[PDB]
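Coming up is one lone chain in structure tokens, specifically the form solved without its partner chain.
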């Protein structure tokens, strides 16, 4: 047993990360700004074990991966995501299980915001 967080009330907490799904479709840049306004960033995938809840995510959602590195400038670690071509573009949609579909950054999509606690 343990506690999870800290997270704001409207976020799912899993292994001390906070996740929130946004159903209003936006391009990658507008989604990034939305997460920032919530003291967060777009989903960053850094651990298959500590983020194994992402195996259960359905549909396709902006994550913070750009052409590959994350918003915060950090690199994509190997053996975390299978990146699959789909549409010509420089952004990627998260899909289960641990897949990234390359997508046009200007195409509206739903998105996942995430806050790390440490």
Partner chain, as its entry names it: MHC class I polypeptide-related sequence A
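Residue numbers count along the first chain shown, from 1.
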Exercise. In this entry, is the chain continuous from residue 88 to residue 89, or are deposited residues missing in between (none, 1 to 3, 4 to 9, 10 or more)?
Worked result: none
Seminar exercise, completed: Ranked by mean Cα B-factor in the entry, 73-81 and 37-45, top stretch is 73-81
Exercise. Should the higher mean CA B-factor in the entry be assigned to 5-13 or to 93-101?
Worked result: 5-13
Seminar exercise, completed: Entry-reported C-alpha B-factor of residue 66 relative to its chain, by third, is highest
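One more form of this protein should be noted, the form solved in complex with its partner chain, which is absent from this view; the next part is about it.
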For this session: Classify residue 45 as contacting or not contacting its partner chain in the bound PDB entry by the rule of any non-hydrogen atom within 4.5 angstroms, answering yes or no.
Result: no
Exercise. Do residue 85 and its partner chain share at least one heavy atom pair within 4.5 Å in the bound PDB entry?
Worked result: yes
Exercise. Taking its partner chain in the bound PDB entry, which residues of 54-74 have any heavy atom within 4.5 Å of it?
Worked result: 59, 60
